[PDB]
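A.B. asks: Below is the structure I would like to discuss, written out as structure tokens.
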Amino acid sequence: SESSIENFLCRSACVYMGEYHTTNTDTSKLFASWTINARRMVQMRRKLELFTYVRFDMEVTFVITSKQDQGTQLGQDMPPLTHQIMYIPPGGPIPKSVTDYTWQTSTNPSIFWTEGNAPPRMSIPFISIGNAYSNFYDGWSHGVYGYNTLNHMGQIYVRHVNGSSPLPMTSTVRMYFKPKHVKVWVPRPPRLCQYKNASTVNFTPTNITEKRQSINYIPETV
Amino acid sequence: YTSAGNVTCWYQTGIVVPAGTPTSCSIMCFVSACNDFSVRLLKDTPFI
Amino acid sequence: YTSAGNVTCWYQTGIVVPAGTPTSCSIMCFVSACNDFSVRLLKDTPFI
Amino acid sequence: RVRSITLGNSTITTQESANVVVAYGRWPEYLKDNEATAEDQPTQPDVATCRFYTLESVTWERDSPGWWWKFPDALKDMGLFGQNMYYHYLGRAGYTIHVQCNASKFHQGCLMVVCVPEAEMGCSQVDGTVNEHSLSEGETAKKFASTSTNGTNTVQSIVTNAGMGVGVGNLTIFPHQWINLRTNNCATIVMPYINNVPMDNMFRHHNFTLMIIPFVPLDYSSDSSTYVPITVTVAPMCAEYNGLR
Amino acid sequence: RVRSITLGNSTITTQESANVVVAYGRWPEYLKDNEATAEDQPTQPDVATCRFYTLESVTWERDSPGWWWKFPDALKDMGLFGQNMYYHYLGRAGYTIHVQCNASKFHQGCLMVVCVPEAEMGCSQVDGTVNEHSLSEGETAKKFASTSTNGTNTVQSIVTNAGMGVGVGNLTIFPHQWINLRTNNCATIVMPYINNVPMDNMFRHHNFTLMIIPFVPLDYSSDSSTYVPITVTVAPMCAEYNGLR
Amino acid sequence: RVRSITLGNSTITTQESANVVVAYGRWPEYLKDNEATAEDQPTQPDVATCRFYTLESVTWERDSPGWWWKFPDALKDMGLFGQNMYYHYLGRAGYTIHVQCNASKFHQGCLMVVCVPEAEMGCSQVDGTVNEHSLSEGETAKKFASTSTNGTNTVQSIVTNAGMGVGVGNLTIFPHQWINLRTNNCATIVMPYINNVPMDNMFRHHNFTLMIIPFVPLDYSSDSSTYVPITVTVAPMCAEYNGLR
């Protein structure tokens, strides 16, 4: 009953930790970004490789902290900061800067939040025109091996909701991920190799198990 | 240093063949679990 | 120059023997007719 | 104590005391009526799909790591089944695989016969992309290796990892049979259609892979045959395509 | 076509088409209630008596006259059955003997397996007394001889007289089986308690003797194994002892 | 898995899973009562006709074309059946033929066993008359030849024509069995009385001929026996003679 599929997988984990600033000279360090694939968190990856097709809902909680730079200016009296967290479905537009029009589009679901309150949280349905996600794919996209276009699940963008010419602060986000209502099909043998990259199944040859003294060896009874 | 059971195999007779056969022979072994098996306290795996 | 069917036989594996056996082996073939068979226009036989 | 089976204009003979594995308990069938009811029109040829297609034989010797075949792309030149792979844009099918071998009572050996669904294989070098020609040759079996491979574009086909980074003793989780030469020399596996969509293209996607691996190697003595041939015969079952009208 | 039997924490496997000999038509049983009703108190352990005790294997070669074992004194160091032989003063039991061997189809030979009740053996020299060490070594089989023995304290263990002054072709009057290598390689004999009193001491009296004699000697050819091992497994049945309270 | 049959003071043993050929679907029987009712008196001995008569064994080697026997004139010295051949002027009988051989599992070969009614054979030279001694030697089998014979009075006994000017592959039109050494080594053929008159003389007319022909020749390996013996056992059935009173 503790070996049920739901108790084995319905558990939370930190999957991404990014940093983003209020003012900078880089314009890519002004927002935080993460493509959502289930092959780049090594926590849940090996537990999912026991199965061939999976189907679940997704629940995401956010933990956000800030600090003021140690550059020059003290004596401030700042109000609490506001943060925007935008989810893009598979097939939506992608921003390029924090001042883009794409932060304001009516079809990207977004969350606004101010510090001191409870941490924010939203839930995602099973978003696939297919009938299940695919942990394994033996074939081509149309041409990249192993990758198909049915495992698109979206992206996450975070920025500050300041006005104009803000004060210099730097923020950090932790994204916590959790699957719900999980169903699996076609079990597979476990991975007896260390993972090399986050896209393929490539590996180096490793031994089957560890050695002992002889085929008759049994350690002494205490 | 075990406090566990063990299994051993012993030659009772030895292998008898006719003429024109291979010399050596092999045994293989399969393990599984019976119907009653309980597990508790999900943890991290010590393999990766 | 036939317009007829044909039958062929192919080595899938090859023959495996133990020690102290003959080398070569043989296949024989038998032909017969099934229940429905029709013949018409009795003639002379071209064999004598 | 011989049963003979006919499909179309094909006839093979098996032993009626053979033991059959259905893959996950599921026979093949057609997708019923109304999952895509409005305009998605299906059809089935049924005529020259249900017949036995016999591949060639492979030679088993003392040093043979194994053989594998991709399904489909191994029936792409097999007559009418390879024809509908060209004309139709979508399709699905199930299969019945017979594997047979001919040996004496003075030989010994042991085979594993397994059908691995979506056997995604890794490249020989770590930071590389696998080529499609190193995955399949069509009707010709590829070969595993008894040592670790190198070069570029090669599949890391050491037999202990089975090209998948898993332990080869654990492929019993898949539909499988054992062939032990001092007992039976036949194996039959029925394989339904398994995918995450109801129909799909047949040149871009490999559904499953048939693998044959010797665990106990073949050995013989003085004047026996130094080889054993293995024969694979495939019958497509309940195949179905998109409509063209 | 394999049956597996469990007694306690022991498991062996036999063929279910084996043929069983019950000795004189009598299964083992306990002495009922009231042949000694007043103060003679019996008891039974039942716990680590019914389990298989496997002796070692003996090697059968071209020149092997035979082997024999005294029952009991062959189970006197076998765990808990040897324990109750020390603590209790009287006792009785029945037995089940499995005899097995492993051979190919390129070997030939023929064994006789017989259980001889009260096999009183004679000394090698005529005017002499047999020593007890020349009768038994415990778990280790003694050996017959293919020629007439000499010296002092030796048992006249020529195999044609079986150490008893009788003709060896006539031991079929006892409970016996034949093992013919071109057929079965297993034998099972069930042996009840046979004595002229209901209970007795277990160090002074040998109840019966298990003998194994090859009539047709073992022969083989070029690269076969030059030996065949024989394995004996004993299960005590319905054992019973005197009361200690 | 052995059946034992007794006729008179004869006993042989066969396998009870043997397969029996009755020649044209007809068991032997007596001619009923009244085809010759008035003065033609029949009688039957029944006493030492129904018993097995075992001929000698023939040796099968690598180069053996075949053997044949004429029935009767092969039982003319076999005791009481040869006695009534002398005293009585007319007679008829049916037969049961058992053919058996002893081989190992390291031999190979294939025999045809056929009973040819009125096997009229031709002479070796074209413008000649066959002698009676070149047709039969009695109990001793004659031999075919692997090449074409010559001389005078010889039978043209090339095995491909079977001495009859026909193709030897077509003798399956007659009552026959195959003996394949990797399978059974026994054959039984029941043969009724077949003639164009109800009774006839037994020295002038040969009713049928038993032939044994190896199609796949015998072969063996290193230390096996270089020969296989074949054994023929004949039981006369429902024999009948003219009256003498």
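Lettering and numbering for the structure tokens are positional, with chains as A, B, ... in the shown order, residues counted from 1 in each chain, and ligands counted from 1 in the shown order.
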Take chain F, lay it over chain E with a least-squares fit on all the Cα atoms in order, then hand it over as a PDB file with C-alpha atoms, in the first residue's frame.
C.D. replies:
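The file below, selection_8.pdb, is the result:
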```pdb
ATOM      1  CA  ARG F   1       6.987 -32.878 -14.692  1.00  0.00           C
ATOM      2  CA  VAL F   2       8.810 -32.048 -11.448  1.00  0.00           C
ATOM      3  CA  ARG F   3       7.440 -32.411  -7.926  1.00  0.00           C
ATOM      4  CA  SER F   4       9.035 -30.545  -5.020  1.00  0.00           C
ATOM      5  CA  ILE F   5       8.724 -31.751  -1.423  1.00  0.00           C
ATOM      6  CA  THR F   6       9.257 -29.769   1.783  1.00  0.00           C
ATOM      7  CA  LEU F   7       9.868 -31.074   5.312  1.00  0.00           C
ATOM      8  CA  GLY F   8      10.663 -28.420   7.887  1.00  0.00           C
ATOM      9  CA  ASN F   9      13.383 -26.234   6.418  1.00  0.00           C
ATOM     10  CA  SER F  10      14.439 -28.749   3.763  1.00  0.00           C
ATOM     11  CA  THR F  11      13.407 -28.904   0.125  1.00  0.00           C
ATOM     12  CA  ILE F  12      14.316 -31.472  -2.531  1.00  0.00           C
ATOM     13  CA  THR F  13      12.865 -32.088  -5.988  1.00  0.00           C
ATOM     14  CA  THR F  14      11.924 -35.432  -7.533  1.00  0.00           C
ATOM     15  CA  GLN F  15      10.048 -36.717 -10.569  1.00  0.00           C
ATOM     16  CA  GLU F  16       6.360 -37.312  -9.890  1.00  0.00           C
ATOM     17  CA  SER F  17       6.394 -40.442 -12.070  1.00  0.00           C
ATOM     18  CA  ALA F  18       8.697 -42.132  -9.553  1.00  0.00           C
ATOM     19  CA  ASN F  19       7.665 -45.544  -8.246  1.00  0.00           C
ATOM     20  CA  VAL F  20       7.590 -46.156  -4.496  1.00  0.00           C
ATOM     21  CA  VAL F  21       8.303 -49.389  -2.628  1.00  0.00           C
ATOM     22  CA  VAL F  22       6.694 -49.839   0.769  1.00  0.00           C
ATOM     23  CA  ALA F  23       8.737 -52.548   2.464  1.00  0.00           C
ATOM     24  CA  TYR F  24       6.320 -55.287   3.469  1.00  0.00           C
ATOM     25  CA  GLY F  25       3.128 -53.394   2.736  1.00  0.00           C
ATOM     26  CA  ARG F  26       3.327 -51.522   6.039  1.00  0.00           C
ATOM     27  CA  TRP F  27       3.551 -47.783   6.541  1.00  0.00           C
ATOM     28  CA  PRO F  28       5.269 -46.497   9.684  1.00  0.00           C
ATOM     29  CA  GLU F  29       3.138 -45.651  12.704  1.00  0.00           C
ATOM     30  CA  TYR F  30       3.305 -45.070  16.434  1.00  0.00           C
ATOM     31  CA  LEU F  31       2.776 -47.879  18.908  1.00  0.00           C
ATOM     32  CA  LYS F  32      -0.840 -47.348  19.733  1.00  0.00           C
ATOM     33  CA  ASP F  33      -1.647 -46.777  23.394  1.00  0.00           C
ATOM     34  CA  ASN F  34      -1.848 -49.683  25.768  1.00  0.00           C
ATOM     35  CA  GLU F  35       0.698 -52.425  25.153  1.00  0.00           C
ATOM     36  CA  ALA F  36       2.676 -51.017  28.120  1.00  0.00           C
ATOM     37  CA  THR F  37      -0.053 -48.818  29.511  1.00  0.00           C
ATOM     38  CA  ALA F  38       0.747 -48.324  33.204  1.00  0.00           C
ATOM     39  CA  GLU F  39       4.041 -46.491  33.709  1.00  0.00           C
ATOM     40  CA  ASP F  40       5.889 -46.785  30.386  1.00  0.00           C
ATOM     41  CA  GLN F  41       5.519 -43.232  29.077  1.00  0.00           C
ATOM     42  CA  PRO F  42       6.316 -42.462  25.421  1.00  0.00           C
ATOM     43  CA  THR F  43       6.885 -39.122  23.700  1.00  0.00           C
ATOM     44  CA  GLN F  44       7.792 -37.849  20.252  1.00  0.00           C
ATOM     45  CA  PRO F  45       9.769 -34.757  19.195  1.00  0.00           C
ATOM     46  CA  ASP F  46       8.298 -34.564  15.632  1.00  0.00           C
ATOM     47  CA  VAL F  47       9.971 -31.219  15.017  1.00  0.00           C
ATOM     48  CA  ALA F  48      13.452 -31.777  13.607  1.00  0.00           C
ATOM     49  CA  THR F  49      13.062 -35.449  12.916  1.00  0.00           C
ATOM     50  CA  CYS F  50      10.825 -35.019   9.863  1.00  0.00           C
ATOM     51  CA  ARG F  51      13.312 -33.171   7.661  1.00  0.00           C
ATOM     52  CA  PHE F  52      15.615 -34.412   4.929  1.00  0.00           C
ATOM     53  CA  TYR F  53      19.169 -35.263   5.929  1.00  0.00           C
ATOM     54  CA  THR F  54      21.414 -35.467   2.905  1.00  0.00           C
ATOM     55  CA  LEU F  55      24.534 -37.561   3.182  1.00  0.00           C
ATOM     56  CA  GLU F  56      27.508 -37.059   0.947  1.00  0.00           C
ATOM     57  CA  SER F  57      27.787 -38.383  -2.562  1.00  0.00           C
ATOM     58  CA  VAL F  58      29.788 -41.438  -3.488  1.00  0.00           C
ATOM     59  CA  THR F  59      31.702 -41.746  -6.740  1.00  0.00           C
ATOM     60  CA  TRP F  60      30.849 -44.617  -9.080  1.00  0.00           C
ATOM     61  CA  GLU F  61      33.665 -45.628 -11.428  1.00  0.00           C
ATOM     62  CA  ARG F  62      34.525 -48.700 -13.504  1.00  0.00           C
ATOM     63  CA  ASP F  63      35.913 -50.669 -10.560  1.00  0.00           C
ATOM     64  CA  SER F  64      33.561 -50.057  -7.629  1.00  0.00           C
ATOM     65  CA  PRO F  65      32.269 -53.058  -5.674  1.00  0.00           C
ATOM     66  CA  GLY F  66      29.644 -51.239  -3.613  1.00  0.00           C
ATOM     67  CA  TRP F  67      28.804 -49.169  -0.552  1.00  0.00           C
ATOM     68  CA  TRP F  68      26.905 -49.781   2.664  1.00  0.00           C
ATOM     69  CA  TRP F  69      25.444 -47.776   5.559  1.00  0.00           C
ATOM     70  CA  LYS F  70      24.200 -48.819   9.016  1.00  0.00           C
ATOM     71  CA  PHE F  71      20.914 -47.299  10.200  1.00  0.00           C
ATOM     72  CA  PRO F  72      21.108 -45.698  12.730  1.00  0.00           C
ATOM     73  CA  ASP F  73      24.779 -44.739  13.558  1.00  0.00           C
ATOM     74  CA  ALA F  74      24.698 -42.990  10.201  1.00  0.00           C
ATOM     75  CA  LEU F  75      22.466 -40.248  11.585  1.00  0.00           C
ATOM     76  CA  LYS F  76      24.215 -40.017  14.947  1.00  0.00           C
ATOM     77  CA  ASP F  77      25.838 -36.662  14.132  1.00  0.00           C
ATOM     78  CA  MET F  78      22.952 -35.311  12.060  1.00  0.00           C
ATOM     79  CA  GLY F  79      21.767 -32.528  14.301  1.00  0.00           C
ATOM     80  CA  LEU F  80      18.714 -33.044  16.468  1.00  0.00           C
ATOM     81  CA  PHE F  81      18.203 -36.675  15.490  1.00  0.00           C
ATOM     82  CA  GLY F  82      21.648 -37.376  16.879  1.00  0.00           C
ATOM     83  CA  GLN F  83      20.766 -35.340  19.961  1.00  0.00           C
ATOM     84  CA  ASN F  84      17.827 -37.504  21.006  1.00  0.00           C
ATOM     85  CA  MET F  85      19.980 -40.569  20.438  1.00  0.00           C
ATOM     86  CA  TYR F  86      22.044 -39.339  23.417  1.00  0.00           C
ATOM     87  CA  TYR F  87      19.370 -38.095  25.817  1.00  0.00           C
ATOM     88  CA  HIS F  88      16.838 -40.884  25.422  1.00  0.00           C
ATOM     89  CA  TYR F  89      17.443 -44.453  26.458  1.00  0.00           C
ATOM     90  CA  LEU F  90      14.931 -46.176  24.169  1.00  0.00           C
ATOM     91  CA  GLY F  91      13.512 -45.297  20.792  1.00  0.00           C
ATOM     92  CA  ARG F  92      12.093 -46.372  17.466  1.00  0.00           C
ATOM     93  CA  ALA F  93      11.539 -44.806  14.037  1.00  0.00           C
ATOM     94  CA  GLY F  94      10.745 -45.492  10.418  1.00  0.00           C
ATOM     95  CA  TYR F  95      12.558 -44.068   7.418  1.00  0.00           C
ATOM     96  CA  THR F  96      12.122 -42.951   3.833  1.00  0.00           C
ATOM     97  CA  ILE F  97      15.193 -43.328   1.624  1.00  0.00           C
ATOM     98  CA  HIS F  98      15.624 -41.540  -1.696  1.00  0.00           C
ATOM     99  CA  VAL F  99      18.542 -42.659  -3.866  1.00  0.00           C
ATOM    100  CA  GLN F 100      19.388 -40.593  -6.942  1.00  0.00           C
ATOM    101  CA  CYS F 101      22.118 -40.335  -9.549  1.00  0.00           C
ATOM    102  CA  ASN F 102      23.105 -38.047 -12.425  1.00  0.00           C
ATOM    103  CA  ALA F 103      24.184 -39.586 -15.720  1.00  0.00           C
ATOM    104  CA  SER F 104      24.056 -38.829 -19.424  1.00  0.00           C
ATOM    105  CA  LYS F 105      22.647 -40.916 -22.251  1.00  0.00           C
ATOM    106  CA  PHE F 106      26.126 -42.024 -23.263  1.00  0.00           C
ATOM    107  CA  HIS F 107      26.712 -43.935 -20.007  1.00  0.00           C
ATOM    108  CA  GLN F 108      25.566 -47.450 -19.134  1.00  0.00           C
ATOM    109  CA  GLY F 109      25.256 -49.391 -15.897  1.00  0.00           C
ATOM    110  CA  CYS F 110      22.891 -51.043 -13.486  1.00  0.00           C
ATOM    111  CA  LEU F 111      22.527 -50.783  -9.692  1.00  0.00           C
ATOM    112  CA  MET F 112      20.771 -52.797  -7.019  1.00  0.00           C
ATOM    113  CA  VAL F 113      19.473 -50.857  -4.008  1.00  0.00           C
ATOM    114  CA  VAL F 114      18.398 -53.017  -1.073  1.00  0.00           C
ATOM    115  CA  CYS F 115      17.642 -52.574   2.649  1.00  0.00           C
ATOM    116  CA  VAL F 116      18.665 -55.698   4.557  1.00  0.00           C
ATOM    117  CA  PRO F 117      17.121 -56.121   8.034  1.00  0.00           C
ATOM    118  CA  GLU F 118      19.637 -57.321  10.648  1.00  0.00           C
ATOM    119  CA  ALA F 119      22.532 -57.854   8.268  1.00  0.00           C
ATOM    120  CA  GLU F 120      24.740 -59.838  10.607  1.00  0.00           C
ATOM    121  CA  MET F 121      28.149 -59.967   8.945  1.00  0.00           C
ATOM    122  CA  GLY F 122      30.956 -62.476   9.382  1.00  0.00           C
ATOM    123  CA  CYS F 123      34.631 -61.936  10.124  1.00  0.00           C
ATOM    124  CA  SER F 124      37.399 -62.297   7.539  1.00  0.00           C
ATOM    125  CA  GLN F 125      39.240 -64.962   9.516  1.00  0.00           C
ATOM    126  CA  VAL F 126      37.152 -67.897  10.659  1.00  0.00           C
ATOM    127  CA  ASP F 127      38.009 -68.122  14.374  1.00  0.00           C
ATOM    128  CA  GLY F 128      37.669 -64.460  15.223  1.00  0.00           C
ATOM    129  CA  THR F 129      35.426 -61.721  16.527  1.00  0.00           C
ATOM    130  CA  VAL F 130      34.422 -58.761  14.381  1.00  0.00           C
ATOM    131  CA  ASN F 131      35.329 -55.314  15.660  1.00  0.00           C
ATOM    132  CA  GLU F 132      32.705 -52.578  15.763  1.00  0.00           C
ATOM    133  CA  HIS F 133      34.840 -50.121  13.786  1.00  0.00           C
ATOM    134  CA  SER F 134      35.001 -52.547  10.846  1.00  0.00           C
ATOM    135  CA  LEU F 135      31.180 -52.538  10.762  1.00  0.00           C
ATOM    136  CA  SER F 136      30.530 -48.795  10.560  1.00  0.00           C
ATOM    137  CA  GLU F 137      32.282 -45.479  10.003  1.00  0.00           C
ATOM    138  CA  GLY F 138      29.173 -43.408  10.644  1.00  0.00           C
ATOM    139  CA  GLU F 139      28.198 -41.190   7.733  1.00  0.00           C
ATOM    140  CA  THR F 140      30.970 -42.500   5.502  1.00  0.00           C
ATOM    141  CA  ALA F 141      30.110 -45.507   3.377  1.00  0.00           C
ATOM    142  CA  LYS F 142      32.131 -48.639   3.824  1.00  0.00           C
ATOM    143  CA  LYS F 143      33.236 -50.558   0.748  1.00  0.00           C
ATOM    144  CA  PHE F 144      32.858 -54.115  -0.432  1.00  0.00           C
ATOM    145  CA  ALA F 145      35.726 -55.936  -2.127  1.00  0.00           C
ATOM    146  CA  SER F 146      36.001 -57.651  -5.494  1.00  0.00           C
ATOM    147  CA  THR F 147      38.342 -60.269  -4.005  1.00  0.00           C
ATOM    148  CA  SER F 148      38.504 -62.172  -0.732  1.00  0.00           C
ATOM    149  CA  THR F 149      39.845 -60.109   2.171  1.00  0.00           C
ATOM    150  CA  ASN F 150      42.365 -61.146   4.823  1.00  0.00           C
ATOM    151  CA  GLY F 151      44.088 -59.875   7.932  1.00  0.00           C
ATOM    152  CA  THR F 152      42.511 -59.570  11.351  1.00  0.00           C
ATOM    153  CA  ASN F 153      39.347 -57.690  12.435  1.00  0.00           C
ATOM    154  CA  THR F 154      38.346 -57.146   8.788  1.00  0.00           C
ATOM    155  CA  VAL F 155      34.872 -58.057   7.570  1.00  0.00           C
ATOM    156  CA  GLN F 156      34.879 -60.739   4.851  1.00  0.00           C
ATOM    157  CA  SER F 157      33.513 -58.204   2.386  1.00  0.00           C
ATOM    158  CA  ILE F 158      33.769 -60.057  -0.911  1.00  0.00           C
ATOM    159  CA  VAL F 159      30.864 -58.659  -2.899  1.00  0.00           C
ATOM    160  CA  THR F 160      29.614 -62.041  -4.118  1.00  0.00           C
ATOM    161  CA  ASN F 161      28.779 -63.162  -0.586  1.00  0.00           C
ATOM    162  CA  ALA F 162      27.719 -59.643   0.535  1.00  0.00           C
ATOM    163  CA  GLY F 163      29.500 -60.263   3.827  1.00  0.00           C
ATOM    164  CA  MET F 164      26.724 -62.628   4.883  1.00  0.00           C
ATOM    165  CA  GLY F 165      27.568 -65.997   3.360  1.00  0.00           C
ATOM    166  CA  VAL F 166      24.625 -65.851   0.946  1.00  0.00           C
ATOM    167  CA  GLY F 167      24.413 -65.627  -2.813  1.00  0.00           C
ATOM    168  CA  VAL F 168      24.233 -62.019  -3.956  1.00  0.00           C
ATOM    169  CA  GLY F 169      21.705 -62.801  -6.671  1.00  0.00           C
ATOM    170  CA  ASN F 170      19.187 -63.723  -3.973  1.00  0.00           C
ATOM    171  CA  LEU F 171      18.919 -60.352  -2.220  1.00  0.00           C
ATOM    172  CA  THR F 172      15.679 -59.680  -4.095  1.00  0.00           C
ATOM    173  CA  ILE F 173      13.862 -61.385  -1.200  1.00  0.00           C
ATOM    174  CA  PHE F 174      14.421 -58.086   0.678  1.00  0.00           C
ATOM    175  CA  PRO F 175      12.849 -54.705  -0.186  1.00  0.00           C
ATOM    176  CA  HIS F 176      14.752 -53.573  -3.244  1.00  0.00           C
ATOM    177  CA  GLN F 177      14.777 -51.548  -6.422  1.00  0.00           C
ATOM    178  CA  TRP F 178      16.787 -51.643  -9.615  1.00  0.00           C
ATOM    179  CA  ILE F 179      18.284 -48.542 -11.195  1.00  0.00           C
ATOM    180  CA  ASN F 180      19.008 -49.041 -14.892  1.00  0.00           C
ATOM    181  CA  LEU F 181      20.755 -46.070 -16.487  1.00  0.00           C
ATOM    182  CA  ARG F 182      18.931 -46.289 -19.819  1.00  0.00           C
ATOM    183  CA  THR F 183      15.684 -45.746 -17.878  1.00  0.00           C
ATOM    184  CA  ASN F 184      15.062 -44.095 -14.444  1.00  0.00           C
ATOM    185  CA  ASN F 185      17.841 -42.849 -12.195  1.00  0.00           C
ATOM    186  CA  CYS F 186      15.842 -42.717  -8.963  1.00  0.00           C
ATOM    187  CA  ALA F 187      14.686 -45.145  -6.281  1.00  0.00           C
ATOM    188  CA  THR F 188      12.578 -44.718  -3.171  1.00  0.00           C
ATOM    189  CA  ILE F 189      12.060 -47.221  -0.351  1.00  0.00           C
ATOM    190  CA  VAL F 190       9.813 -46.695   2.673  1.00  0.00           C
ATOM    191  CA  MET F 191      10.983 -48.718   5.671  1.00  0.00           C
ATOM    192  CA  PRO F 192       8.894 -49.219   8.845  1.00  0.00           C
ATOM    193  CA  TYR F 193      10.193 -50.164  12.266  1.00  0.00           C
ATOM    194  CA  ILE F 194      10.929 -53.897  12.403  1.00  0.00           C
ATOM    195  CA  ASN F 195      12.117 -55.497  15.627  1.00  0.00           C
ATOM    196  CA  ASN F 196      11.110 -58.222  18.060  1.00  0.00           C
ATOM    197  CA  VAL F 197      10.457 -55.745  20.911  1.00  0.00           C
ATOM    198  CA  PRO F 198       8.546 -52.445  20.608  1.00  0.00           C
ATOM    199  CA  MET F 199      11.450 -50.154  21.577  1.00  0.00           C
ATOM    200  CA  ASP F 200      15.190 -50.645  21.935  1.00  0.00           C
ATOM    201  CA  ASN F 201      18.518 -48.853  22.410  1.00  0.00           C
ATOM    202  CA  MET F 202      20.067 -47.063  19.435  1.00  0.00           C
ATOM    203  CA  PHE F 203      23.792 -47.572  20.019  1.00  0.00           C
ATOM    204  CA  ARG F 204      23.846 -51.305  20.665  1.00  0.00           C
ATOM    205  CA  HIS F 205      21.572 -52.530  17.856  1.00  0.00           C
ATOM    206  CA  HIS F 206      21.742 -51.926  14.096  1.00  0.00           C
ATOM    207  CA  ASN F 207      18.218 -52.308  12.728  1.00  0.00           C
ATOM    208  CA  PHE F 208      18.955 -52.542   9.025  1.00  0.00           C
ATOM    209  CA  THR F 209      21.628 -51.879   6.442  1.00  0.00           C
ATOM    210  CA  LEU F 210      21.352 -50.040   3.124  1.00  0.00           C
ATOM    211  CA  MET F 211      23.459 -51.650   0.379  1.00  0.00           C
ATOM    212  CA  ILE F 212      24.135 -50.467  -3.181  1.00  0.00           C
ATOM    213  CA  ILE F 213      25.669 -52.990  -5.591  1.00  0.00           C
ATOM    214  CA  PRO F 214      26.532 -52.571  -9.307  1.00  0.00           C
ATOM    215  CA  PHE F 215      25.869 -55.726 -11.283  1.00  0.00           C
ATOM    216  CA  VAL F 216      26.589 -54.328 -14.743  1.00  0.00           C
ATOM    217  CA  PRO F 217      29.633 -52.084 -14.282  1.00  0.00           C
ATOM    218  CA  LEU F 218      29.735 -48.508 -15.436  1.00  0.00           C
ATOM    219  CA  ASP F 219      31.270 -47.858 -18.818  1.00  0.00           C
ATOM    220  CA  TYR F 220      31.672 -44.771 -20.971  1.00  0.00           C
ATOM    221  CA  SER F 221      33.507 -43.532 -24.043  1.00  0.00           C
ATOM    222  CA  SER F 222      35.885 -40.887 -25.327  1.00  0.00           C
ATOM    223  CA  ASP F 223      35.328 -37.540 -23.593  1.00  0.00           C
ATOM    224  CA  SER F 224      32.511 -38.370 -21.196  1.00  0.00           C
ATOM    225  CA  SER F 225      32.725 -37.998 -17.454  1.00  0.00           C
ATOM    226  CA  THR F 226      34.621 -40.911 -15.939  1.00  0.00           C
ATOM    227  CA  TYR F 227      32.383 -41.018 -12.864  1.00  0.00           C
ATOM    228  CA  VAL F 228      28.742 -40.871 -11.786  1.00  0.00           C
ATOM    229  CA  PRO F 229      27.709 -39.490  -8.372  1.00  0.00           C
ATOM    230  CA  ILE F 230      25.022 -41.181  -6.288  1.00  0.00           C
ATOM    231  CA  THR F 231      23.097 -39.238  -3.631  1.00  0.00           C
ATOM    232  CA  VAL F 232      21.220 -40.582  -0.596  1.00  0.00           C
ATOM    233  CA  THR F 233      18.604 -38.571   1.300  1.00  0.00           C
ATOM    234  CA  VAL F 234      16.949 -39.908   4.462  1.00  0.00           C
ATOM    235  CA  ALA F 235      13.767 -38.677   6.152  1.00  0.00           C
ATOM    236  CA  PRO F 236      12.952 -40.166   9.582  1.00  0.00           C
ATOM    237  CA  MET F 237       9.253 -40.931   9.979  1.00  0.00           C
ATOM    238  CA  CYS F 238       7.138 -41.310  13.155  1.00  0.00           C
ATOM    239  CA  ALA F 239       9.982 -41.354  15.669  1.00  0.00           C
ATOM    240  CA  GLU F 240       9.260 -41.952  19.329  1.00  0.00           C
ATOM    241  CA  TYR F 241      11.190 -42.043  22.603  1.00  0.00           C
ATOM    242  CA  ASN F 242      10.794 -42.811  26.297  1.00  0.00           C
ATOM    243  CA  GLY F 243       9.309 -40.282  28.680  1.00  0.00           C
ATOM    244  CA  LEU F 244      11.546 -38.265  30.977  1.00  0.00           C
ATOM    245  CA  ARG F 245       9.025 -37.021  33.542  1.00  0.00           C
TER     246      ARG F 245
END
```
A.B. asks: Quick one: everything within 9 Å of range 54-63 of chain A, counting only C-alpha atoms, minus sequence neighbours fewer than 2 positions away in the same chain. Send it as a VMD selection string.
C.D. replies: chain A and resid 12 48 51 to 52 65 119 to 127 131 to 135 172 to 185
A.B. asks: Given only C-alpha atoms as the basis, pick out the residue of B:4, B:16, B:33, B:9 nearest to chain E.
C.D. replies: B:16
A.B. asks: Tell me as a VMD selection string which residues belonging to chain C come within 12 Å of chain D, counting only C-alpha atoms.
C.D. replies: chain C and resid 5 to 7 9 to 25
A.B. asks: Hey, list the chain A side of the contact with chain B: 9 Å cut-off, only C-alpha atoms, answer as a list in words.
C.D. replies: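 The complete set of qualifying residues is residues 1, 2, 3, 7, 8, 46, 192, 193, 194, 195, 216, 218, 219, 220, 221 and 222 of chain A.
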